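> Sharing a structure here in structure tokens format.
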Amino acid sequence: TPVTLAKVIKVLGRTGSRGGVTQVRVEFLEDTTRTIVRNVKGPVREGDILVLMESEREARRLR
Amino acid sequence: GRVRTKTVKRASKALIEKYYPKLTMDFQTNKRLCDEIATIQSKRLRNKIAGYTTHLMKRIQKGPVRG
Amino acid sequence: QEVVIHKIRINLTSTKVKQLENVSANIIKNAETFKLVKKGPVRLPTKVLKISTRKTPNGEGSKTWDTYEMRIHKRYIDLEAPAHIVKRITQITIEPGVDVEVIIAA
Amino acid sequence: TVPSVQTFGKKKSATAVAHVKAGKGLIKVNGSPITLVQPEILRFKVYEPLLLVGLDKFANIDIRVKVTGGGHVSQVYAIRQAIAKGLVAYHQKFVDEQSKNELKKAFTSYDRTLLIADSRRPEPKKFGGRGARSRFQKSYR
Amino acid sequence: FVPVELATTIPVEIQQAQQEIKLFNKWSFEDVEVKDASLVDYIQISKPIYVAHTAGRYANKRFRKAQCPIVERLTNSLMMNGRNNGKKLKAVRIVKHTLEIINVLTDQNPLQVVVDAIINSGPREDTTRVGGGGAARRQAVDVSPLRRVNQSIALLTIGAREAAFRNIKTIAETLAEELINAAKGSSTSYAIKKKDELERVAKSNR
Amino acid sequence: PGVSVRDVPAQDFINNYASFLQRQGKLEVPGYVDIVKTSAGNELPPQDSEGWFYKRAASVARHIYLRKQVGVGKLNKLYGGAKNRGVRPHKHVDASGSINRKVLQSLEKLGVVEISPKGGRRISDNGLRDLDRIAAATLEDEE
Amino acid sequence: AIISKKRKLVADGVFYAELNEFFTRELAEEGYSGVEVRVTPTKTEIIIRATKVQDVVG
Amino acid sequence: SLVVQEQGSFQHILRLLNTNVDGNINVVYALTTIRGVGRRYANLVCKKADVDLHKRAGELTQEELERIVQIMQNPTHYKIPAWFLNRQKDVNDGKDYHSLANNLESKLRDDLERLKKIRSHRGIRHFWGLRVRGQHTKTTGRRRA
Amino acid sequence: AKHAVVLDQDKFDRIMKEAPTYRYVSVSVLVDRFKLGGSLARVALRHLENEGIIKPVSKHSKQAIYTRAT
RNA sequence: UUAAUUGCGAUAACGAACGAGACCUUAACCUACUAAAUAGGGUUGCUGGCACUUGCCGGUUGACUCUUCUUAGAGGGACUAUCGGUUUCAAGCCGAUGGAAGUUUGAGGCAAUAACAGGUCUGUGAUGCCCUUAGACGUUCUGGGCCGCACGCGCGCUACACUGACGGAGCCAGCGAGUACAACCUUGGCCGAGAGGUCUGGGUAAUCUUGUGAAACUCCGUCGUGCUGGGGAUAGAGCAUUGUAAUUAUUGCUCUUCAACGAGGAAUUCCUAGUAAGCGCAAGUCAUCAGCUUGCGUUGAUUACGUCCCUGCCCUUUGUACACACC
Ligand SMILES: [Mg+2]
Ligand SMILES: [Mg+2]
Ligand SMILES: [Mg+2]
Ligand SMILES: [Mg+2]
Ligand SMILES: [Mg+2]
Ligand SMILES: [Mg+2]
Ligand SMILES: [Mg+2]
Ligand SMILES: [Mg+2]
Ligand SMILES: [Mg+2]
Ligand SMILES: [Mg+2]
Ligand SMILES: [Mg+2]
């Protein structure tokens, strides 16, 4: 199973229809300086390492 | 939620206006000074005022502030 | 000619603490002026008297409850003394609100 | 005449007076020694401060604890706290201060309270609630 | 090496397992390193503890909960259900038993096994309920390390509790089995199955 | 050095006491043994029928040794606990009143327990010696 | 005479309250306000405040 | 302490006092399966017989069983205080009566009949099919007998 | 009742045979292998615990763990 | 931004007040002060038990001094402090360090403006009016009843097991409250299997009940996933106890009978730390009764540390033919 290990540079807002998600711009561990925004479920700070299968897909502010 | 109230801030401002000298940056001395000069019917309130004055002093080192 | 040591307890009970404290201080000062061996203004577990009640006269609202409390201050002042000196002391040494009480004898 | 301190240990309502004198190496709690205690699992907790600085700092200092308040767990914790304090106090008083500082460092890098006393006490269980916050049951039915 | 004695007598074994090494309940806290990238620090180890019980306040700010020992966390999770509310002692005992069982099982560091279990059962990407009008459509989302860890911790315990109802297999044994299943990823334990299901759900929305 | 008495891990001491009692044969059995609930919060007596009362006695003696002026009421309180009250929640009701008294009497007869002033019971000197011996034996068993 | 200290104090308070109520009722024309009880050995002083002191005196 | 061996000296699955005594149960709590036979009472009986509390219910010597039966019949003949009984000082006969097996039910029925005859409040309630011990049924138990 | 909590000689013999070369010697484990009850298992263990063979790891009540001699 | 009309800034407003805050009581810190044969701890008398050597462990109000713990008194103490960046380097918020204590330090107490035709005339010698009034709705005795059951709903408690169960055995609080003119809290000792009684007390109370030796919890054995030893429900029998009075068990314990219930459908309640939940105790009641309330400890976590999606409110902008205001 191919896994792409993400890493936080900045938190780009708490979101969701309710509150259980967070827009986060990420520079993943290997092959750095590529910024992709992903929505994250749990509590996240700065330099947090994130486990994900599907890397190169962007999700917006949820309705 | 530790936003200092109007009253405390006002008092601090007044103190700074009237006694800009004798406010030696650090808390402890400043607190005592506040207790001496300003008449506060409390202790906690006085402390708060002292803290705010110290903050103001710190600010006023790094430029001029409005009011 | 007398001077026979009895050892006398003084009770100081009240509510308004400041007054009580003042009285205690006064007593100690008086003891000092008559110069006697004495144990201090010994303080006991300041008994609170709690009465908790429905705030509602009639039981039709939310269940609001109030604890009406009575702070009490019990003080022992022990004297190594005869009785005459104690009597002399207790001629004055009375201030409003505070209870002055002499237990007398060891 | 002996070099000795009287230390307190404090958690919840448990209080523990450990007396730190000088002698062979006796560490007792309520007459019985340091070994027993008997929540059984929490035994190793009381062993922790001792372990941290070693058995060497006990062949000189004797510790004797009297514990009131609390329950079992709390009592254990209080004892632990007391023991931690006692050694430190002794070092501060009679032994060199470098040793004391080292002890402090060891404790602070492993701060399971100890030299810092426990903070929390219960909120008062106010009216309209079976617990402190926890209310009864509103029933708009 | 070197048993220094006192007036109050301590058993020999205890003396042996003391000063030389910064140990655990009886064995090595040392070694035991995280095989997986990420989740390090957020799966504790690092700071040596000698028991799986602290008064240590952690539910104070936010990211402090991810500095609480793994064994301790397990014990805490075990305290679930009303019959088991509070009773940390019991939980600690259970954890000890589990550790012993793991030790018995083909040697190895039990702590390491536990860590592996925690890693394996943690779901990667999960669906959250998105509004978008009225219908309960779900859009899959990346899960932060801490949350993942928490979920993993929960899941094993839940599985154990499920097992423990009407069984000679006392909870500890069940927990150990679950851990083993997680570590040797065979998808036979509850936790792993649940994780798989979640992943499937995510896929059906990705 | 010094042979200690309090330093025994509880249960072992009690067991030793029981064994000693069994060996001696001198106690005088209450008679209402086994035909009793022992505690007011009991549905079953002691499980092992014969013995266990001996253990209880030993425990009582140990408690006496530990403390100062100790009485029947306190003993009852000690050996009470939680009542299975069915639909109603537990309370705290004490142990059987006479049994403890009988035990105390038996102890007095043997010479373990002595009558104290002010109101209660303490330890006899021969009794103390016996206790010490028991402790020593326990230590030997451990060492 | 003599009860538990707490109890005694409570009783005294109650007495004071009763007295106050009585004065409100009885001295209505007298323009009464407050009672100031002073309990010493033998002589218990009871101070009473009013607007129309003359009426109270008689 | 030791496992009971031998090929088959003692027979499994018993039938004692008009009813059934199932094996694989240690002494006492298979005798509770007997209608009316006690826990404490059972223990006392066992003690009187002189049996260890380590045996199985699917064992027991015949002599022992006989002894047990004898103990069951009369509480007075053996060292039993006998105020642990269904009928102590009694409602009619005035002796010591702890009924056994399929007889307790009969006794109960007889008592009920007597009550009915007398026409006491309790009896009336029984007739109705309701609640004896002043228990109220404004809310609880909405199916009943 | 689910049986297999009897006595017998054959069962004892089987137990005797099922002792060397095993990772676990636990009460729960024994129960799982469709053998004697919880208390009986302990007794059986004790009978084999005379000259080596089976050695303890934990001594706790209802959570006992034993292992073979190495 | 804030818990906040809390503040900063923008700005025909400026400076104000009430409310929020502040304040107040309590809970936390003081090895610095004030003192304690009513809280404690030490050294030595007398001796008790040892190892048998000096040393331990004690008890004993003997003497002496201290005050850490206990208690209060007086103060002090945290002011988001110290940097780290963020945000106009405003207001502030987050992270580390120190610190007893960095969620308004926790918990309240108090609580504006106007109200609602909200609740009580059953708390009243608080009450306008109407009613009734002496073969009375005034009174008082005797008895029942407010506790009935075909069945609705809402508080709760106990259970549905091996995180057990029962014995043992270990053994730990904190609030409390408690009589002389009476029928209190009641130790301690003999008799009773319990329930209890009795002779002596001690306490108009840190001193006695009381270390309230509470439960939950911790060790060993016995039974091991059976409507079973889980569960103790419908029930008979004695002895007690309360009160003139217990049947419609007041309650109590003992033997028995030993049922419904194998984790609860639709809905939804409560909760963000000593918090939830567990587990008792005490008081309120009270002649007698606790499953209830107030309180207090005792164990003691999960997961947020957000957002308006649902629910409720709030303000703005909008429209209104309503203003007894959408019933
Ligand atoms: Mg139960
Ligand atoms: Mg910032
Ligand atoms: Mg506040
Ligand atoms: Mg109305
Ligand atoms: Mg009227
Ligand atoms: Mg009614
Ligand atoms: Mg209600
Ligand atoms: Mg007390
Ligand atoms: Mg049954
Ligand atoms: Mg009620
Ligand atoms: Mg228009």
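Convention: chains lettered A, B, ... in structure tokens order; per-chain residue numbering from 1; ligands numbered from 1 as shown.
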Residues within 8 Å of ligand 7 (only C-alpha atoms (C1' of nucleotides) and all ligand atoms), as number ranges by chain?
C: 63; D: 136-137; J: 155
> Output the neighbourhood of ligand 5 as a PyMOL selection string, that is, all protein and nucleic acid residues with some atom at most 12 Å from the ligand, counting only C-alpha atoms (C1' of nucleotides) and all ligand atoms.
chain J and resi 121-122+124-131
> Those same residues - C-alpha atoms (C1' of nucleotides) - I'd like them written as a PDB file, in the first residue's frame.

```
ATOM      1  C1'   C J 121     -54.590  34.040  49.371  1.00  0.00           C
ATOM      2  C1'   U J 122     -52.358  25.663  51.688  1.00  0.00           C
ATOM      3  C1'   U J 124     -48.490  33.642  57.783  1.00  0.00           C
ATOM      4  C1'   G J 125     -53.168  37.603  63.741  1.00  0.00           C
ATOM      5  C1'   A J 126     -49.186  39.980  55.127  1.00  0.00           C
ATOM      6  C1'   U J 127     -54.077  40.525  52.853  1.00  0.00           C
ATOM      7  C1'   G J 128     -58.957  43.850  49.351  1.00  0.00           C
ATOM      8  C1'   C J 129     -63.598  41.435  48.437  1.00  0.00           C
ATOM      9  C1'   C J 130     -67.058  37.511  48.476  1.00  0.00           C
ATOM     10  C1'   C J 131     -68.436  33.280  51.258  1.00  0.00           C
TER      11        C J 131
END
```
> Considering only alpha helix (DSSP H) as DSSP defines it on the backbone, what residues of chain G qualify? List them as a short mmCIF file (atom, residue, chain, number, x, y, z; two decimals) with N, CA and C atoms, in the first residue's frame.

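Listing of part_17.cif after writing:
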```
data_model
loop_
_atom_site.label_atom_id
_atom_site.label_comp_id
_atom_site.auth_asym_id
_atom_site.auth_seq_id
_atom_site.Cartn_x
_atom_site.Cartn_y
_atom_site.Cartn_z
N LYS G 5 -22.80 26.33 72.67
CA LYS G 5 -22.42 27.72 72.36
C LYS G 5 -23.11 28.21 71.10
N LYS G 6 -23.02 27.38 70.07
CA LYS G 6 -23.65 27.61 68.77
C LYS G 6 -25.16 27.84 68.95
N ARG G 7 -25.75 26.91 69.69
CA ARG G 7 -27.18 26.89 69.96
C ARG G 7 -27.57 28.17 70.68
N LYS G 8 -26.76 28.54 71.68
CA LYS G 8 -26.99 29.74 72.48
C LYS G 8 -27.02 30.96 71.59
N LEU G 9 -26.02 31.03 70.70
CA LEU G 9 -25.89 32.17 69.79
C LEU G 9 -27.12 32.27 68.89
N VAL G 10 -27.54 31.11 68.38
CA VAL G 10 -28.71 31.02 67.50
C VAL G 10 -29.94 31.55 68.23
N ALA G 11 -30.09 31.11 69.47
CA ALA G 11 -31.23 31.49 70.31
C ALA G 11 -31.24 32.99 70.52
N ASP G 12 -30.06 33.55 70.79
CA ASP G 12 -29.89 34.98 71.01
C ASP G 12 -30.34 35.75 69.77
N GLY G 13 -29.90 35.26 68.61
CA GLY G 13 -30.24 35.87 67.32
C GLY G 13 -31.74 35.90 67.13
N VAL G 14 -32.35 34.75 67.43
CA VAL G 14 -33.80 34.58 67.29
C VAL G 14 -34.53 35.58 68.18
N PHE G 15 -34.04 35.69 69.41
CA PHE G 15 -34.60 36.60 70.42
C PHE G 15 -34.56 38.02 69.89
N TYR G 16 -33.40 38.39 69.34
CA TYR G 16 -33.17 39.73 68.78
C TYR G 16 -34.19 40.02 67.70
N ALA G 17 -34.36 39.03 66.81
CA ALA G 17 -35.28 39.14 65.69
C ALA G 17 -36.70 39.39 66.19
N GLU G 18 -37.08 38.59 67.20
CA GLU G 18 -38.41 38.66 67.81
C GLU G 18 -38.64 40.06 68.37
N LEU G 19 -37.63 40.55 69.08
CA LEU G 19 -37.68 41.85 69.73
C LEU G 19 -37.88 42.94 68.69
N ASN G 20 -37.13 42.83 67.60
CA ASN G 20 -37.19 43.77 66.49
C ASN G 20 -38.61 43.83 65.93
N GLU G 21 -39.17 42.63 65.73
CA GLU G 21 -40.51 42.50 65.17
C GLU G 21 -41.53 43.16 66.08
N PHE G 22 -41.38 42.90 67.38
CA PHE G 22 -42.27 43.46 68.40
C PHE G 22 -42.21 44.98 68.36
N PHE G 23 -41.01 45.51 68.26
CA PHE G 23 -40.85 46.94 68.26
C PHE G 23 -41.46 47.56 67.02
N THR G 24 -41.32 46.88 65.88
CA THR G 24 -41.95 47.32 64.62
C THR G 24 -43.47 47.39 64.80
N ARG G 25 -44.01 46.35 65.43
CA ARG G 25 -45.44 46.26 65.72
C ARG G 25 -45.91 47.29 66.79
N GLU G 26 -45.34 47.21 68.00
CA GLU G 26 -45.75 47.99 69.18
C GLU G 26 -45.48 49.49 69.05
N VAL G 53 -38.69 59.86 69.92
CA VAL G 53 -38.09 59.31 71.15
C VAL G 53 -38.94 59.65 72.38
N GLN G 54 -39.53 60.84 72.37
CA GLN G 54 -40.36 61.34 73.45
C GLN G 54 -41.53 60.39 73.70
N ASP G 55 -42.16 59.97 72.60
CA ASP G 55 -43.30 59.05 72.65
C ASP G 55 -42.90 57.75 73.32
N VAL G 56 -41.74 57.24 72.91
CA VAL G 56 -41.19 55.98 73.44
C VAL G 56 -40.98 56.11 74.94
N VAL G 57 -40.39 57.24 75.34
CA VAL G 57 -40.09 57.51 76.74
C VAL G 57 -41.40 57.58 77.55
#
```
> List all protein, DNA and RNA residues that have an atom no more than 9 Å from any atom of ligand 9, counting only C-alpha atoms (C1' of nucleotides) and all ligand atoms, and report them as a VMD selection string.
(chain H and resid 32 to 33) or (chain J and resid 227 to 229 258)
> Those selected residues, please, written with N, CA and C atoms (P, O5', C5', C4', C3', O3' and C1' of nucleotides) and delivered as a PDB file, in the first residue's frame.

```pdb
ATOM      1  N   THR H  32     -29.063 -26.612  46.918  1.00  0.00           N
ATOM      2  CA  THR H  32     -29.925 -25.432  46.768  1.00  0.00           C
ATOM      3  C   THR H  32     -30.936 -25.622  45.632  1.00  0.00           C
ATOM      4  N   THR H  33     -30.595 -26.506  44.688  1.00  0.00           N
ATOM      5  CA  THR H  33     -31.473 -26.899  43.578  1.00  0.00           C
ATOM      6  C   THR H  33     -32.718 -27.632  44.091  1.00  0.00           C
TER       7      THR H  33
ATOM      8  P     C J 227     -29.420 -20.812  31.206  1.00  0.00           P
ATOM      9  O5'   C J 227     -30.140 -21.423  32.491  1.00  0.00           O
ATOM     10  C5'   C J 227     -31.468 -21.016  32.876  1.00  0.00           C
ATOM     11  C4'   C J 227     -31.397 -19.903  33.896  1.00  0.00           C
ATOM     12  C3'   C J 227     -32.691 -19.614  34.658  1.00  0.00           C
ATOM     13  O3'   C J 227     -32.473 -19.591  36.070  1.00  0.00           O
ATOM     14  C1'   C J 227     -31.831 -17.616  33.696  1.00  0.00           C
ATOM     15  P     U J 228     -32.391 -20.966  36.917  1.00  0.00           P
ATOM     16  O5'   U J 228     -30.832 -21.299  36.934  1.00  0.00           O
ATOM     17  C5'   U J 228     -29.863 -20.286  37.264  1.00  0.00           C
ATOM     18  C4'   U J 228     -28.599 -20.911  37.799  1.00  0.00           C
ATOM     19  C3'   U J 228     -27.941 -20.130  38.929  1.00  0.00           C
ATOM     20  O3'   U J 228     -28.384 -20.701  40.160  1.00  0.00           O
ATOM     21  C1'   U J 228     -26.366 -20.518  37.177  1.00  0.00           C
ATOM     22  P     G J 229     -28.346 -19.853  41.523  1.00  0.00           P
ATOM     23  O5'   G J 229     -26.831 -20.011  41.997  1.00  0.00           O
ATOM     24  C5'   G J 229     -26.478 -20.175  43.389  1.00  0.00           C
ATOM     25  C4'   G J 229     -25.382 -19.207  43.803  1.00  0.00           C
ATOM     26  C3'   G J 229     -24.827 -18.265  42.739  1.00  0.00           C
ATOM     27  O3'   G J 229     -24.546 -16.988  43.311  1.00  0.00           O
ATOM     28  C1'   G J 229     -23.136 -19.801  43.443  1.00  0.00           C
ATOM     29  P     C J 258     -38.992 -22.551  44.357  1.00  0.00           P
ATOM     30  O5'   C J 258     -38.608 -21.409  43.314  1.00  0.00           O
ATOM     31  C5'   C J 258     -37.236 -21.096  43.004  1.00  0.00           C
ATOM     32  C4'   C J 258     -36.986 -19.625  43.218  1.00  0.00           C
ATOM     33  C3'   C J 258     -36.010 -18.974  42.249  1.00  0.00           C
ATOM     34  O3'   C J 258     -36.695 -18.548  41.073  1.00  0.00           O
ATOM     35  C1'   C J 258     -35.681 -18.198  44.499  1.00  0.00           C
TER      36        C J 258
END
```
> Could I get the residue neighbourhood of ligand 1 at 12 Å, counting only C-alpha atoms (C1' of nucleotides) and all ligand atoms, as a list in words?
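Selection of residues at most 12 Å from ligand 1: residues 83 of chain E; 82, 83, 84, 85, 86, 87, 88, 89 and 90 of chain F; 158, 159, 160, 161, 164, 165, 166, 216, 230, 231 and 232 of chain J.
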> Using only C-alpha atoms (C1' of nucleotides) and all ligand atoms, which residues have at least one atom no more than 9 Å from ligand 8? Output them as an MDAnalysis selection string.
chainID J and resid 206 210:212
> Residues of the last selection are to be written out with N, CA and C atoms (P, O5', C5', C4', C3', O3' and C1' of nucleotides), as a PDB file, in the first residue's frame.

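The result, stored in out-v5.pdb:
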```pdb
ATOM      1  P     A J 206     -15.698  22.499  71.419  1.00  0.00           P
ATOM      2  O5'   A J 206     -14.686  21.983  70.301  1.00  0.00           O
ATOM      3  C5'   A J 206     -13.755  20.925  70.582  1.00  0.00           C
ATOM      4  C4'   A J 206     -13.595  20.037  69.372  1.00  0.00           C
ATOM      5  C3'   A J 206     -12.891  18.706  69.636  1.00  0.00           C
ATOM      6  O3'   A J 206     -13.491  17.634  68.913  1.00  0.00           O
ATOM      7  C1'   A J 206     -11.635  19.974  68.075  1.00  0.00           C
ATOM      8  P     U J 210     -17.507   5.571  68.129  1.00  0.00           P
ATOM      9  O5'   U J 210     -16.211   6.491  68.276  1.00  0.00           O
ATOM     10  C5'   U J 210     -14.923   6.076  67.768  1.00  0.00           C
ATOM     11  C4'   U J 210     -14.192   7.239  67.127  1.00  0.00           C
ATOM     12  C3'   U J 210     -13.496   8.223  68.067  1.00  0.00           C
ATOM     13  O3'   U J 210     -12.241   8.623  67.514  1.00  0.00           O
ATOM     14  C1'   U J 210     -15.081   9.376  66.735  1.00  0.00           C
ATOM     15  P     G J 211     -10.931   8.741  68.442  1.00  0.00           P
ATOM     16  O5'   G J 211      -9.767   8.984  67.380  1.00  0.00           O
ATOM     17  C5'   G J 211      -9.689  10.209  66.621  1.00  0.00           C
ATOM     18  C4'   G J 211      -9.372   9.926  65.167  1.00  0.00           C
ATOM     19  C3'   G J 211     -10.555   9.513  64.292  1.00  0.00           C
ATOM     20  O3'   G J 211     -10.650  10.324  63.120  1.00  0.00           O
ATOM     21  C1'   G J 211      -8.737   8.006  64.006  1.00  0.00           C
ATOM     22  P     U J 212     -11.739  11.506  63.029  1.00  0.00           P
ATOM     23  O5'   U J 212     -13.115  10.759  63.340  1.00  0.00           O
ATOM     24  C5'   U J 212     -13.770   9.964  62.336  1.00  0.00           C
ATOM     25  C4'   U J 212     -14.637   8.906  62.979  1.00  0.00           C
ATOM     26  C3'   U J 212     -15.012   7.723  62.082  1.00  0.00           C
ATOM     27  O3'   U J 212     -15.132   6.528  62.855  1.00  0.00           O
ATOM     28  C1'   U J 212     -16.959   8.691  62.915  1.00  0.00           C
TER      29        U J 212
END
```
> Report as a tab-separated table: every residue of chain J with an atom at most 12 Å from ligand 6, its closest pair of atoms, and their distance in Å to one decimal, counting only C-alpha atoms (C1' of nucleotides) and all ligand atoms, with rows sorted by chain and ascending residue number.

```
residue	atom	partner	partner_atom_place_in_ligand_line	distance
J:145	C1'	ligand 6	1 (Mg)	11.2
J:146	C1'	ligand 6	1 (Mg)	5.8
J:147	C1'	ligand 6	1 (Mg)	8.8
```
> Could you save those same residues with N, CA and C atoms (P, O5', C5', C4', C3', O3' and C1' of nucleotides) as a PDB file, in the first residue's frame?

```pdb
ATOM      1  P     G J 145     -56.768   2.828  55.195  1.00  0.00           P
ATOM      2  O5'   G J 145     -56.802   4.098  54.234  1.00  0.00           O
ATOM      3  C5'   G J 145     -57.674   4.116  53.090  1.00  0.00           C
ATOM      4  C4'   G J 145     -57.787   5.511  52.540  1.00  0.00           C
ATOM      5  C3'   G J 145     -56.472   6.174  52.182  1.00  0.00           C
ATOM      6  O3'   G J 145     -56.085   5.698  50.904  1.00  0.00           O
ATOM      7  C1'   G J 145     -57.914   7.713  53.289  1.00  0.00           C
ATOM      8  P     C J 146     -54.546   5.396  50.583  1.00  0.00           P
ATOM      9  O5'   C J 146     -54.012   6.815  50.084  1.00  0.00           O
ATOM     10  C5'   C J 146     -54.639   7.496  48.973  1.00  0.00           C
ATOM     11  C4'   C J 146     -54.401   8.988  49.029  1.00  0.00           C
ATOM     12  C3'   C J 146     -52.954   9.452  48.940  1.00  0.00           C
ATOM     13  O3'   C J 146     -52.543   9.530  47.574  1.00  0.00           O
ATOM     14  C1'   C J 146     -54.242  10.769  50.490  1.00  0.00           C
ATOM     15  P     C J 147     -51.032   9.169  47.135  1.00  0.00           P
ATOM     16  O5'   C J 147     -51.051   7.580  46.998  1.00  0.00           O
ATOM     17  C5'   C J 147     -51.274   6.745  48.143  1.00  0.00           C
ATOM     18  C4'   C J 147     -50.526   5.447  48.010  1.00  0.00           C
ATOM     19  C3'   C J 147     -51.407   4.212  47.862  1.00  0.00           C
ATOM     20  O3'   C J 147     -50.966   3.332  46.829  1.00  0.00           O
ATOM     21  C1'   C J 147     -50.116   4.063  49.863  1.00  0.00           C
TER      22        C J 147
END
```
